[PDB]
Structure formats: structure tokens, C-alpha cells
Amino acid sequence: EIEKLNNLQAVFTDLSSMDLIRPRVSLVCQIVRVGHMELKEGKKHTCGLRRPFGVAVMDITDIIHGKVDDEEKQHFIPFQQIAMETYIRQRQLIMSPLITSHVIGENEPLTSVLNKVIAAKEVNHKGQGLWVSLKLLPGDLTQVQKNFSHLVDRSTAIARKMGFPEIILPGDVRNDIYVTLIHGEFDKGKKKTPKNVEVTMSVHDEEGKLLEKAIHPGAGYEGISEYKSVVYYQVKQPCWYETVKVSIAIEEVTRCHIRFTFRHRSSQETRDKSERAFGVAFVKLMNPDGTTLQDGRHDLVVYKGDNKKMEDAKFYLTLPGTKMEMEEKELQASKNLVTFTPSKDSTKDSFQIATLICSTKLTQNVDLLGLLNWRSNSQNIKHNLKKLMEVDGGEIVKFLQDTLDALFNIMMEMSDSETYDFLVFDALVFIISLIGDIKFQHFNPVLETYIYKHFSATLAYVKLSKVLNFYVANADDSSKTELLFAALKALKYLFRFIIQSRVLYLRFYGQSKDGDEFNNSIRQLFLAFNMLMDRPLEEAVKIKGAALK
């Protein structure tokens with residue numbers, strides 16, 4: 001692109017304070033040639049196909065540390081090519097030729113070349129490489145584009161960190177579904193040469209319509225309908241590890257899936273286009289329980305058989321897309337012997353992907369939605385409430401407001417059961433404890449936003465006072481000790497919610513017919529703290545300390 005050579009500026013924002021202080025950081029440029037499979041002249045070869053060339057690595061840890069910051073410096077990153085050493089040394093081997101081997105000069109994945117370049121401090125570039133002026137600019141994208149507009153303008157290419165910052169700004173609307181094609185074992189089958197498998201993954205809706213521009217090869221590049229994986233010249237297990245950008249709208253991603261098509265790519269264009277993708281994978285970005293695809297590894301399964309059937313969104317989507325999916329279907333078919341015949345089409349071919357979902361609304365947990373489905377998951381509310389605290393506060397904070405409202409509504413409808421009251425209480429205590437953390441402090445304003453605006457309780461304060469009074473009356477308990485202690489640590493917003501419920505009661509009933517009862521609750525809480533404290537110090541020294549706190 002002629003309009004990019006003088007505009008090729010790369011910026012990597014979202015580097016948290018933890019990102020810089022990492023011991024070893026390297027800017028790794030992956031160089032992949034696109035075109036002919038074989039550098040041979042005389043016959044037509046399939047063009048437009050991506051082949052591995054080499055990896056260029058420098059330890060920019062000191063550069064990201066800010067140790068050397070100078071615009072005139074052009075740090076030359078040496079380029080290391082894949083070892084295509086099969087022509088120079090082959091000319092001198094006499095008096096004992098006993099060799100039965102092959103040429104491996106392009107089939108190594110870029111992962112191993114990158115590993116070698118990382119290990120080898122000196123890169124035998126031999127005059128091949130690139131120049132990049134590397135600098136660290138403090139602040140976020142706005143500050144870097146405003147404090148360093150000359151350095152970083154709006155046209156400057158922007159790339160984000162593969163992860164999450166130390167500060168989650170409330171409303172960081174992002175759907176960075178980073179799909180990485182780790183590996184896939186594809187059967188050679190009838191073809192003696194291993195198939196030049198390509199992961200032509202494709203984003204289709206539940207109707208199967210391919211969603212164009214959904215897949216982005218990387219930063220600074222527009223999206224594409226389908227992304228092609230790197231060609232490996234007859235590898236049984238082509239290892240790609242290719243990180244791409246998948247930008248699906250969080251509202252439409254609920255009905256969006258990526259269909260991973262793998263085609264055998266013979267050395268000739270006629271055979272290449274005459275060979276259809278022998279096997280296709282796919283994954284729903286949704287768990288069956290109404291939650292989006294989880295963060296981590298997922299092992300896709302390559303199916304075989306009719307090509308029309310395997311492209312039928314009403315058929316292949318119904319088929320288990322992952323190994324865990326086949327295991328789940330088999331186990332559930334083990335308890336029901338009702339029309340469950342496993343198909344021989346389940347070949348041993350499988351595919352592996354990694355999906356780091358950097359999203360703000362996408363939800364990945366079953367217990368969370370079970371509580372969010374409490375009105376119809378009443379049978380598991382006791383289980384869901386216990387199993388909430390295992391869920392990280394990061395997943396909670398996406399819908400903390402609705403979680404609070406659901407807990408309060410659970411209190412509204414079925415307050416008779418005090419055990420669920422205790423479960424909700426302890427879960428909320430954990431909520432406040434985690435939001436008070438530096439990671440989650442920024443959503444405390446959002447928490448207050450819910451309190452002052454979206455809080456929807458009118459008597460929950462009564463029950464909270466009851467339960468907390470039970471805590472303080474049962475202060476000496478060891479099992480309660482941490483609970484009451486964390487309640488102390490969370491008293492502020494606890495009573496903010498209590499008083500909000502009380503004032504909503506007042507404004508929904510005009511005058512408190514139980515204002516005497518409410519203030520009596522306050523006073524009896526006071527005398528309860530008196531009963532807590534008059535006990536000997538030694539049992540609860542830190543508890544009285546936190547009480548004073």
C-alpha cells in the first residue's frame with residue numbers, strides 16, 4: 001500500500017503498569033510470504049496462499065521501560081529466516097554417503113523459529129530486517145494522541161494489549177475476541193503427502209450466513225469475511241498459533257459462530273481449486289446455557305462426509321463442534337437410549353483454538369446466569385448463591401447492577417427463607433469486598449449510581465438489619481468471625497443500600513408506620529455492638545479494631 005509506507009506508525013496502548021514491569025518483553029514481527037507454494041518457474045502454482053518466512057525479535061523491555069527514548073534512533077530489528085539450508089553444504093559429502101532423509105526448510109511453524117530467535121541473542125540477519133523507531137508515550141490513547149499528536153495522530157495505527165488493564169473504566173465497550181489457531185491434527189488419509197491444511201475459518205450466523213468483515217487479520221487492517229491460515233508444505237499437524245481480531249457486535253455475537261473450514265492445498269492451482277475443504281470445524285461463541293464462549297482453550301472437531309450436509313446450518317450446528325461437545329452428547333446419550341446412534345463420520349481429526357475474549361458485556365459463567373435466571377432456577381438458588389463467590393469479581397462487575405437487583409428481588413419474593421437471606425448477604429459482602437479492591441474501585445461510582453438511581457427495594461433494609469444484628473449477636477463464632485469482619489469492612493455501602501431501601505419505603509408509603517421499629521433496629525444494633533465489644537479483647541482484637549475503623 002503506497003499510502004502506508006510513510007504512514008506506517010504502530011502504537012500499542014493498554015500497556016498497564018504491570019505490562020511495562022514484566023521482565024522480558026519483545027516486539028515480534030511475523031513475516032509471512034503470500035503467493036506461490038513453491039518458488040519454481042514453469043508451471044502455475046496457487047497464489048494468494050500464505051507461507052512462513054521468518055520472525056524478527058528484539059528485547060524492547062528496556063524500550064518499554066522508557067530507558068532510551070529518542071525519535072532519531074532507528075532500532076534495526078534483525079530478521080531470521082527459516083533455515084532453508086539444503087543447497088550450500090550439500091555439495092561436499094564424499095567417501096561415505098548413507099542418508100535417507102528429506103528437506104525441512106519451510107515446514108517449521110513460526111512458533112519454533114520465534115523460539116529460536118528468542119533463545120539466540122544474535123540473529124544472523126545478513127543484511128535483512130527493518131527499522132522502527134520505538135518509544136513509550138505515557139497515558140492512554142487520548143493522551144498519547146494529544147500529548148504526542150505529532151508522534152501519534154488519528155491516522156496512526158492502534159493496537160491493544162492482549163489482556164485487561166489494572167483499571168477497567170466503567171463502560172469500556174470492547175468485544176476483542178482474539179481467536180488463535182493453535183493447532184489441528186488433520187488426517188493424511190488417501191493422500192500420501194500430508195494435506196496443506198488451511199484454517200479458512202468463517203463467521204456464520206445461526207442461519208449459516210457468512211458474516212462479512214467479521215474476522216480481522218490484525219491491527220491496522222480492515223475485517224474480512226473469512227481468514228486464511230498459513231500454508232505449511234505437507235505437515236500432518238500444521239501449527240499456526242495465529243492471533244487475529246474477531247469483532248462481532250456483542251448483541252449479534254449471541255447468534256454468531258465461526259465455522260472453521262480446512263482445505264487440502266495441493267501444489268497445483270487446478271488441484272487446489274478442484275479440492276474442496278475435506279473437513280470443517282465450527283464453534284458457537286455461546287455456551288448451551290445462554291452464556292458466551294468461555295475464555296481459554298477449546299478443541300474443535302473436524303467432521304467428514306457430505307459437503308452439503310456439513311455446510312447445512314440446520315445440521316452441522318446441531319453436531320457437537322468441540323471434543324467436550326461430543327463427550328457431553330455421549331454422556332447425556334448414555335442415560336437416554338432414545339435415538340442416539342453415534343456416526344462413523346467422527347474422524348480423529350481435531351482442531352484447537354484459543355479465544356481471549358476482551359469484552360465488557362460478554363458473560364462467561366453458569367452460576368451467574370442461574371442467579372440471573374433465579375425466578376426459574378429456584379431449585380438451584382441455594383446452590384447458585386453458594387457457588388457465586390467462586391466467580392471472579394471481573395465477571396460479576398459486568399452486570400453487578402442486575403446481580404444486586406436479582407438478590408434484592410430474591411429477598412422480596414421469598415424473604416421467609418432466612419438461609420437464602422444469609423447466602424445473599426454473604427455474597428453481597430464479597431461483592432463489596434471485591435469492588436473495594438484497587439482493580440474494581442472504579443465501579444464503586446457505578447455502584448452508587450445503582451444505589452441512587454436503579455436501586456429497587458423497599459423492605460430489604462429490614463432483613464439486612466436483622467441478619468447483621470444476628471452476626472453481631474453471634475460475634476464470638478469463629479465461622480462468623482470472618483463474615484462479620486468483612487461486613488465491618490463493607491459497612492459503608494451496606495448501610496448505603498439499607499438507607500436507600502428505607503427511603504424508598506418512606507417515599508412509597510409516605511410516613512413510616514414502623515419508624516419507631518426502624519430506629520429501634522438502629523438502637524438494638526448499637527447495644528449489640530456494645531455486647532460484642534464488652535467481651536474480652538483477646539478473642540476479637542482485630543474485630544474491635546475494624547469496628548472502630
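In the nomenclature of the PDB entry, the protein chain is known as Dedicator of cytokinesis protein 5 of Homo sapiens.

(A) Examining the overall build of the protein chain more closely. A count of helices and strands for the protein chain gives 18 helices and 16 strands. Residues counted as buried form 42% of the 549 residues belonging to the protein chain. With the model as given, the accessible surface of the protein chain reaches about 31,900 Å², and the carbon-plus-sulfur share is 56%. Each charge sign in the protein chain was given a centre, from 72 positive and 70 negative side chains, and these centres are 5 Å apart.

(B) Representation of helix α18 (residues 541–548). Those residues of α18 lying buried are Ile543, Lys544 and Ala546. Buried residues of α18, viewed axially, fall in a sector of 160°; they line one side. Buried residues along α18 sit against α15 (478–489) and α17 (515–534).

(C) The arrangement of the packing of aromatic side chains in detail. Tallying each qualifying case throughout the model produces 25 aromatic pairs. An angle of 45° between the planes, with centres 5.9 Å apart, marks the rings of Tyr450 and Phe497 as tilted. Residue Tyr450 is found in helix α13 (residues 444–454), and its partner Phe497 is found in helix α16 (residues 491–509); the two are separated by 47 residues along the sequence. Of the two residues examined, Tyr450 and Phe497, each falls in the buried class. Through a chain of ring-to-ring contacts, the aromatic side chains of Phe186, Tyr232, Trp240, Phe260, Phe262, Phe278 and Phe351 assemble into a single cluster. Above the face of the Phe470 ring, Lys480 is positioned so that its terminal group lies 3.3 Å from the ring centre. Over the aromatic face of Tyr471 sits the side chain of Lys480, whose NZ or CZ is 4.7 Å from the ring centroid.

Calculation notes
- Throughout, residue numbers begin from 1 within each chain and advance along the sequence as written. They need not agree with those in the entry, and any residue without coordinates is left out.
- What appears here is a fragment of a larger assembly, so each number quoted concerns just the fragment shown.
- The side-chain figures draw on all heavy atoms in the structure; neither hydrogens nor water molecules are used.
- Numbering of helices and strands runs from the N terminus; a helix is a DSSP stretch of H or I covering at least four residues, while a strand is a stretch of E covering at least two.
- Only protein chains enter the accessibility calculation, which uses a 1.4 Å probe; a residue whose area is less than 20% of its type maximum is buried, one above 50% is exposed, and one in between is partly exposed.
- Surface exposure here means Shrake-Rupley accessible area, sampled with a 1.4 Å probe, where a residue is shielded only by the protein chains that are shown.
- In this tally, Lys and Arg are treated as positive and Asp and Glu as negative; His is ignored, and so are the chain termini.
- Note on charges: their place is set at NZ of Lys, CZ of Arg, CG of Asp or CD of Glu.
- Directions pointing from the helix axis toward each C-beta atom define the arc.
- Contact definition: two residues touch when any of their heavy atoms are within 4.5 Å.
- Ring geometry is summarised as follows: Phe, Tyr and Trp rings, the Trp one being its six-membered ring, pair when their centres sit within 6.5 Å, and such pairs are stacked at plane angles under 30 degrees, edge-to-face over 60 and tilted between the two.
- Sitting over a ring, as applied to charges here, requires NZ of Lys or CZ of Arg to be within 6 Å of the ring centre and within 35 degrees of the ring normal.

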